[PDB]
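Coordinate inspection notes
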Amino acid sequence: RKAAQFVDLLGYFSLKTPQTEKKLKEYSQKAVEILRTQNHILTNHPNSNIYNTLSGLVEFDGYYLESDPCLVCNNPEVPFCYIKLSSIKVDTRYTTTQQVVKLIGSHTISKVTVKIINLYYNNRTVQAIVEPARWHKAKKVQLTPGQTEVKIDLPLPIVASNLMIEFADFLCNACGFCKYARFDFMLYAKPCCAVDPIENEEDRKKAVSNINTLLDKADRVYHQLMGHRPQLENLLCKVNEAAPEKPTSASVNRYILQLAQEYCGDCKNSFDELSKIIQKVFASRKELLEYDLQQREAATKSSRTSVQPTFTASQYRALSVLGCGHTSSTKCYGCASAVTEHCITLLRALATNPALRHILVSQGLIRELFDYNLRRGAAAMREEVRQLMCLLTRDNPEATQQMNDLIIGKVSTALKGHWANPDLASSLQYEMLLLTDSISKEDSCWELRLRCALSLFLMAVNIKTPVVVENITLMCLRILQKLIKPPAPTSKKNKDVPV
Amino acid sequence: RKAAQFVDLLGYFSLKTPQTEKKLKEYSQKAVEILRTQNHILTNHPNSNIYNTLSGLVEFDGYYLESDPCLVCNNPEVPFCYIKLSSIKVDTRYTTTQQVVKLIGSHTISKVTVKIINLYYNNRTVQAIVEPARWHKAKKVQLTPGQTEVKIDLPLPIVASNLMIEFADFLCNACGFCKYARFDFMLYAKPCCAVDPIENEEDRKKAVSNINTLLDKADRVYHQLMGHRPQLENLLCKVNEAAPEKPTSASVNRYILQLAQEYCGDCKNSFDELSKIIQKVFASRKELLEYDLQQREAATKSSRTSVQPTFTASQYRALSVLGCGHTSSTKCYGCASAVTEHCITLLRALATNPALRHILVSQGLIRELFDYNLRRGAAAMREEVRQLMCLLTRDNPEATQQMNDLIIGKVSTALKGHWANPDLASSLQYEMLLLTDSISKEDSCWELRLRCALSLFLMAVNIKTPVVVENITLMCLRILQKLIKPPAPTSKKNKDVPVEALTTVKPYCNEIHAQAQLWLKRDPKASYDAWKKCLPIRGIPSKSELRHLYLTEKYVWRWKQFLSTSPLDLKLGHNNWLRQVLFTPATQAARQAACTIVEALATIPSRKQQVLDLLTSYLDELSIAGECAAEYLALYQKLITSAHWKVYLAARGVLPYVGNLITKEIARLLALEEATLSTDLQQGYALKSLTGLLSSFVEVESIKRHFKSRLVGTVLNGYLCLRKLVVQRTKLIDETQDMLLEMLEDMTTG
Amino acid sequence: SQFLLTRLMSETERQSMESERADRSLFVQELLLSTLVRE
Amino acid sequence: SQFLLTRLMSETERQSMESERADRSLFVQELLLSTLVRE
Ligand SMILES: [Zn+2]
Ligand SMILES: [Zn+2]
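The notes below deal with the structure included here. For each chain, numbering begins from 1 and proceeds through the sequence as written. The entry may number the same residues differently, and residues missing coordinates are not shown. The order in which chains are written sets their letters, starting at A; the order in which ligands are written sets their numbers, starting at 1. Only a portion of a larger assembly is displayed here, and every value given applies to that displayed portion alone. Calculated side-chain values reflect all of the structure's heavy atoms, with hydrogen atoms and water omitted. Residues with missing side-chain atoms are left out of burial classes, side-chain pairs and their counts.

**Overview of the overall build of chain A**
For the purposes of this entry, the term helix denotes a DSSP run of H or I that reaches at least four residues, the term strand denotes a run of E that reaches at least two, and both are numbered from the N terminus. A tally of regular secondary structure across chain A gives 18 helices and seven strands. Here chain A has a C-alpha radius of gyration of 32 Å; the compact-globule value for 499 residues is 23 Å, and the former is much larger. In terms of overall dimensions, chain A has a C-alpha envelope of 95 × 70 × 60 Å along the principal axes. Throughout, the radius of gyration refers to the C-alpha atoms, and the reference size of a globule is 2.2 Å times the residue count to the power 0.38.

What follows is the structure in C-alpha cells.
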C-alpha cells in the first residue's frame, strides 16, 4: 500500500507523454501481466476461503492468519502525541539541583513543553534509579527571568528510556519538595521499539541471549495462533449450512457470534502479540548487525597493506542497515490485495486513451475483470472495477458484444436451475449492476446494451418466483423506465417544452 | 402442526394392514400429491425470499410478515400457573363478612388454595367495586375447626373477572383488617381472552361499538406491520452483497445487526399486538353470534305452526360456535411448512414396505426430494429427508443410479464455473452429505455408490483451490478411508484376528488385477465379481511338495500370460495425485486422511516396497512445504520402524539423497542469511527433519559401519557452515547443530 | 415416546458380513493402487 | 486531493443530445408496444 504515489505519477506520465505504439503495447502488457499474477495468487491462497467468507459476516481490519508476518502490514504510520511525564513515570530521584526520571519503556521524544535547564537522556535499561559518562546531552537552554512556559524543541527526535533535568544556573535530596517553584512536564512523543546499544563483548552475549528468549516466546505464540485455524474451519462449515435455529443483539445466529469472537477476539490478540515480538526481534537483530559491522571495519582498518574499499552512494545504502525493513512478505494476502487495487487504478487511468483502450481490450482484460475482480475486494473497489469494465467498451461494438455475451450467458445458466437453488438467482446482483452501469452512460453502442436488457427481461418476465422478480425483472424494468422517460432538458430553448 | 398424532396413526395403520396393490397405489399417489402441492406453495410464496434469507442469519420463532393472521399459529397451548391474588389485584372492598376483588382482566381459574367459605364470580367489567343478582356461585366448602390450608377444587374452570368471598358460617368495614385471622389466596389460573356477556339490546349495541373500535385499531396496527417490508428487503439486498467493511458482539456486520433489530425487535412486537387484537375480535364475534342465535331461536319457538327442526349430534357441532376456531389460513407459511414435515414423516414410515417403496420411486419422489426438500427447513428435517432419500434406494439399482446421476450432474455443473465464483463450490454440502449417508449404509448396491464417489474424487483431485479441497476432495477421501478401514469385528470367532486375515481371496504378489480405467466406464469384464473370480481362494510339507508348488505356480502364470485380460504390473509412477494431496496446505484433515489411506495401502511386503519407494521419492518436498509435511513425516518414520526396511532403503542409495538435500538447503540458508534480515518462524524445520531422518538411518550398526567413509565430509561441511551462522539462527538450527555434532563424534570412533 | 412410528442380527450373518467387508476393503485397495500405476 | 489521476459540453450538441434522447425514447416505446400485440 506504500506505492500509491508511484502509480499515480506513473499513470500520469504515461498519459501525458506521446509515445509510439510498441511502447504502449509493452506498457499494457506489463500492467495486465501484474494484474493476472496477483489474481492467480489471491484465488489459490490457502486462507482465501476463510477471509472471503468472513468478509461478509464480521468487520475486521487485517488478516491475522498469516504464517509469515509482513513488516509492511505490521508497522503503520503512528503519529506523535502529547503525553504528560507523570503518566509514563516509573522511578524518580531528586537531588539538590538535578532530577532523574525513568520511563515505562523507550520513547521517541520530539519537543518538551515545561510549565511553571539542561536536558540529558540515555537508552540503557536499569532497575535502580540510583544505579556523567552514561548520559547524552540534548539541548542547552537559557531562560529570561520570569518566564513561565518554555517549549524546548529537539531538531532531531531522541529515542530515550531515561531522562535527566539539570539546573545549571539560577530541591530536597530526600523527597524532592521545592519551595521556590513548581514544575510540570509534557512530551511530544510516541512509543518506540528499540533496544539498548552494544559497546563490548558482554553486552553482545546479553543481546544474543535476549534474542534467543524472544525467538522462543515468538514460536510459542505463533503455534498458539496457528492452532485456531481448525476451529475457524469448523465454525465456517457450520455457518455455511445456515439451518434455522430457534431461540436484540443476542438474537443473531449463535454461530456468527462465535465466529466473531474467535476471529476478532482471540486471533487479533495473538496477532498483535506476535507483531510486537517480531518488531523487538528485528530491532535487536539490527543492533547486533550494526555492532558486528563496526567491529569488522575497525579490525580491517588496523591492517596496513589492505586498502579501504570505496563505495558509491547507492552501494552504501544497499550494504548498510538503512535499507533493511521495507520489504513485504512473499505470501501476503493484504499486500496482494493492495497490488490488485493499484493495478485497477492504473488501468482506469490508462483506459482514457482510445489506442491504449483498444490494446487493453485486445489483451483480454474484460474476461479477467469479469471472472475475478467483480466480486472481490471492498465495495469501492468493486464499483471502480465496474466503472473500468464499462469504460473499456465505450465505443467498441465487439467489446460491448463480448461483455453482453458474458452477462447473458451467466444469467441464463443461473436461471436454468433456479427452481432447485435460490442462491443462483441471488448471486446475479453484480452482473445486473454491471448492465445497469453500462446502459446508464450514453454512447454510440446503446442499441446492443438495450438488446441485452430486453432479451433478459423477456426471458425472465413470466417466472413467478419472488427471487427472480426482485433480482432480474425489477432491474430490467428500471432500465426500461429510465430509457422511456429521459431526464428533463436543460437547454435554454427547451427549458419548458416536454419530451 | 396439530396433526402429529393423526399422521402417526395413519402411517401405522397403513403399514400394519395388508392391502391390495391398487389401494397401495392410491395411497402413494395421495401422499405424493400433497407433498408436491406444499412444495409448490412454498417456493412461490411472496415472503419466501425474506424468510429464506433470514433463516441463516438471525434466530426467529415465527413468521411475522403475514397478511392474514393464522389462528393455528397464534393460539399455542398456554399452561396453567400458580398466581398470587395480590399480583392481579387492582380494586378491593371489604364488609362485615364479605370481600370483593377485581382483577386486571379475565382469568381462567381452576383451583383456589387458601393458606391461613363461599366463592362467587362474575365476568362483567365495572369501574367501581361498590357498584345478589350479578354474582354466580362457584363452590361451597366447609372447614374443620382449626384448619389452616384449604383447597377449593373447581370441577370446571371458570372464566372470571371479579371475585367475591363470603364467610357464610363461623372484618373492618373501613380498612378490612381482621384480628381473628389473616388470609392469603392462591390461584391456579392463566390469562384468557373473553368479553362481557350480552343480555339485552343496549349491551348488544355496546358490543357492536367495541368491535368497531377493535377493528379500527387492528387495521392501524396491521398497516404499521406491513410498512416494515420495504426496509427489510432493502437490508436483505445490502446484506446479500457482503462487501467487507472496516470497524466482541459489536464486530458483527452492521447490516446483520440492523436486520436482527428490524425483524426480531419491531416486526415481532407488531405481530404480537395484532395477534392480541385479533383474538379479542374473535371472542367478541363469538359472543355476539351466540346471542343472536339464542334470540332468533327464542323468537322462532314462540310461533306454534313451525315445528322445531331436530339436528343430529354432528349437525349440532357444525351449526354451533363449537366448530369455529380451529382452521388455518390459506396463505400461511408456517402451516405449509408443518404439512411438509408431516408428509416427510409419513413417507419415511411408508417407505419401509418394499412394494410401497417401488411405487413411491416410480411416482418420481427422488427428484422432488432432491430439488426442493434437501435445503429447506430445520436441520432435523434436512437430515430426515436425507435419510428418506437413502432409504428409497436401498436395494434398487435404477433408483441408486438416478440419485447418483443427480449428484454427479450437480457437482460437475458447479465445478465448471467454480473458478469465477466460489459460492458454487460452497453450495455442494448437501449433495456430498447425501453421498456420504448413502455410502455409509451397506447394501447390495455399494458398487454404484463407490463408483460415483471415486469418479467425483478423480475429477476434482487436481484442483488447487482451497474451497474445492475443503468441500469435495476431503469428503471423498473420508468416504475412501471409511471403505478402506472397516470397523473392527465384533464376532466371537473374529474378536482377535485383524481385517487382513478375514479376506477369502489372496492377491497376487507382483500383479494388480483391479483396473480402474475400465471399471469407471462400466465394463462388465472388470466388475467386482469378475475381479473376485480372478484371485485364488485362501487355503483353509516336504521339499518335493514345495518344488511342485513352485513350478506349478510359475508355469501356470506363464500359460495364462501366453493365453492373454492382461493384469497390470506393480510399477508405481512417480507423479500422481498422491503427491498433490499429501502436502496440500489448504487443510490438514485432507493430509491426515491421505496418510491413513496410504498407510493402509501397505500391508503385504510387495506393496510396502513400492509404497516406501514412492514416499522416498517424495522426500524433496520437505523444504517447499515446511510445516505442512508434519503428517507425511509422521507416516514415513512409522513405516520404517523395522530395521530391514532401513537396510533395504540404504541399499537403494537414499543416504546420498538425504545428504545432498541437507547440503543444498543449508547452502540456501547461508545465501538467505548473507542477503536479507527478515524473520521466518518455520526456519530450520526442513533441516531438523532431514537431519533426524539421517540419524535414524545411521543408528543401526550395519549401515553405520558401511556408510561412514562417504558421509563424514558432508556432515563436517554442514556442521561448519551452520556454525558460521550468526544472525539467522533459531532454536531448530541449534538442535540441528547439536545432533550433527553428535553424529560427527559417533562416526569417528574406530 | 408414545409415537408408534418412531419405534420402527445373528452370528452366522455376522461373520458373513465381516468377510464381505474385508473383501470390499481389499478391492478398494487394489482399485486405488491401479490409478497410481506408471503410464 | 493531491492525486493527479483523480482530476481526470456546448449548447448545440446539447440540443442534439436532447433530440436524440427523445427519439430513442420513442423507439423504445414502439418496441415495448410491439410485444403486446395479439398473436
Ligand atoms: Zn503485507
Ligand atoms: Zn398457520
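**A closer look at the interface of chain A and chain B**
Counting from both sides, the interface comprises 73 residues of chain A and, opposite them, 68 residues of chain B. The term buried area denotes the loss of accessible surface (1.4 Å probe radius) that occurs when two parts are joined, taken as the sum for both partners. Carbon and sulfur atoms supply 53% of the area buried between chain A and chain B, which totals about 6,200 Å² over both sides. By convention in these notes, a salt bridge is any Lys or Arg side-chain nitrogen within 4 Å of a carboxyl oxygen on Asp or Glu. Linking chain A with chain B are two salt bridges, by the criterion used here. Across the pair B:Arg254 and A:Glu59 runs a salt bridge, and its minimum N-O distance is 3.3 Å. Polar contact criterion, stated in full: a pair of N or O atoms within 3.5 Å, where within protein one must be able to donate a hydrogen and the other to accept it, and residues adjacent in sequence count only if both atoms are side-chain atoms. The interface formed by chain A and chain B holds 21 residue pairs in polar contact in total. Broken down by element, the residue count for the side of chain A that touches chain B peaks at 15 residues, all from helix 8 (residues 254-302) of chain A. Residue composition of the side of chain A that touches chain B, grouped by class: 32 nonpolar, 20 polar and 21 charged. Note on contacts: a residue pair is in contact if any heavy atoms of the two residues lie within 4.5 Å. Three classes are used: nonpolar for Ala, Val, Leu, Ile, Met, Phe, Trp, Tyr, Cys and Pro, charged for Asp, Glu, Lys and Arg, and polar for all others, with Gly counted as polar.

**Quick notes on the side chain of B:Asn253**
Looking at where B:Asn253 falls in the secondary structure, it is placed in the loop between helix 7 (229-241) and helix 8 (254-302). Judged by its relative accessible area of 4%, B:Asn253 falls in the buried class. In this structure, B:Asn253 is in contact with A:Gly56, A:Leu57, A:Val58 and A:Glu59, ignoring residues within four places of it in sequence. Here the term buried applies to any residue with accessible area under 20% of the maximum for its type, exposed to any over 50%, and partly exposed to those in between, with areas from a 1.4 Å probe on protein chains only.

**Things to note about the coordination of the zinc ion (ligand 1)**
Residues and elements named next belong to chain A. Each metal's donors are the N, O and S atoms found within 2.8 Å of it, except that Na, K and Ca use a 3.2 Å limit; water is left out, so coordination can look incomplete. Every protein donor of the zinc ion (ligand 1) is listed here as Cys70 (SG), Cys73 (SG), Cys332 (SG) and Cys335 (SG), and their distances to the metal cover 2.3 Å. Coordination geometry of the zinc ion (ligand 1): the four donor atoms subtend angles of 105 to 113° at the metal centre, consistent with an arrangement described as tetrahedral. Here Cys70 and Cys335 have matching classes, each one buried. The rule is simple: four donors are tetrahedral if all their angles sit between 85 and 135 degrees, four are square planar and six octahedral if opposite donors span more than 155 degrees and the others lie between 65 and 115, and anything that fits none of that is irregular.

**Comments concerning unusual backbone geometry**
Look at A:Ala242: it is not a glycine, yet its phi comes out positive at around 60°. As for its position among the elements, A:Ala242 is in the loop between helix 7 (229-241) and helix 8. At B:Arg522, a position not held by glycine, the phi torsion is positive, near 60°. With respect to the helices and strands, B:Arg522 occurs in the loop between helix 19 (516-519) and helix 20 (528-533).

**Some thoughts on helix 10 (residues 333-350) of chain A**
The end-to-end C-alpha distance of helix 10 of chain A is 26 Å, a good match for the 26 Å that 18 residues give at a rise of 1.5 Å each. Among the 18 residues in helix 10 of chain A, 14 count as buried, and that is most of the element. What a helix is expected to span follows from its residue count: subtract one and scale by 1.5 Å.

**Topic: the coordination of the zinc ion (ligand 2)**
All names here are of chain B. Coordination sphere of the zinc ion (ligand 2), protein contribution only: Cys70 (SG), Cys73 (SG), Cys332 (SG) and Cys335 (SG), at 2.3 Å. For the zinc ion (ligand 2), the four donor atoms in the first shell make angles of 105 to 114° at the metal, a pattern classed as tetrahedral. Exposure class is identical for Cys332 and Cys335. Each is buried.

**Considering the arrangement of the chains**
When the three pairs of chains in contact are compared, the highest contact count belongs to chains A and B. One finds no contact between chain A and chain C; the C-alpha atoms of the two approach each other to within 22 Å at their closest. Nothing in chain B touches chain D, and the closest approach of their C-alpha atoms is 22 Å.

**As for the pattern of salt bridges**
According to the stated counting rule, one finds 39 salt bridges over all chains in the structure shown. Measuring nitrogen to oxygen at the nearest pair gives 3.0 Å for the salt bridge that ties B:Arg607 to C:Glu30. Taken together, the positions of B:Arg607 in helix 24 (residues 605-617) and C:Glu30 in helix 1 (residues 12-34) put the pair across two chains. Across this residue pair, the class does not change: B:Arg607 and C:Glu30 are buried. Taken together, the salt bridges that share partners define one network made up of B:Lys532, C:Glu20, C:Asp23 and C:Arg24.

**Here's the deal with the packing of aromatic side chains**
Side-chain rings of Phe, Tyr and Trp, where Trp is taken by its six-membered ring, are said to pair if the distance between their centres is within 6.5 Å; with planes under 30 degrees apart they count as stacked, over 60 as edge-to-face, and otherwise as tilted. One pass over the structure, following the stated rule, counts 35 aromatic pairs over all chains. Taken together through their ring pairs, the aromatic side chains of A:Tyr51, A:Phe60, A:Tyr63, A:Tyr64, A:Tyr263, A:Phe271 and A:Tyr333 make up a single cluster. Counting as a charge over the ring demands two things of the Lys NZ or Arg CZ atom: a distance within 6 Å of the ring centre and an angle within 35 degrees of the ring normal. Positioned above the aromatic ring of A:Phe80 is the side chain of A:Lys190, whose terminal nitrogen or guanidinium carbon lies 4.6 Å from the ring centre. A cation over an aromatic ring shows up here: B:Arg710 above the ring of B:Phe707, its NZ or CZ 5.0 Å from the ring centre.

**Points about the packing of helix 14 (residues 397-416) of chain A against helix 16 (residues 429-440) of chain A**
Residue and element names in this part refer to chain A. For helices, the axis comes from a line fit to the C-alpha atoms of the stretch in contact; other axes are also lines fit to C-alpha atoms, and the angle between any two N-to-C directions lies between 0 and 180 degrees. Look at helix 14 against helix 16: their axes get within 10 Å of each other, and the N-to-C directions meet at 145°. Viewed along their axes, helix 14 and helix 16 form a crossing whose handedness is left-handed. For the pair helix 14 and helix 16, the contacting residues are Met403, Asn404, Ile407, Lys410 and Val411 in the first and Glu431, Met432, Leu434 and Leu435 in the second. For the contact of helix 14 with helix 16, the residue count by class is six nonpolar, one polar and two charged. Each helix crossing is assigned a hand: it is left-handed if the near helix lies turned anticlockwise from the far helix by less than a right angle, otherwise right-handed if that turn is clockwise.

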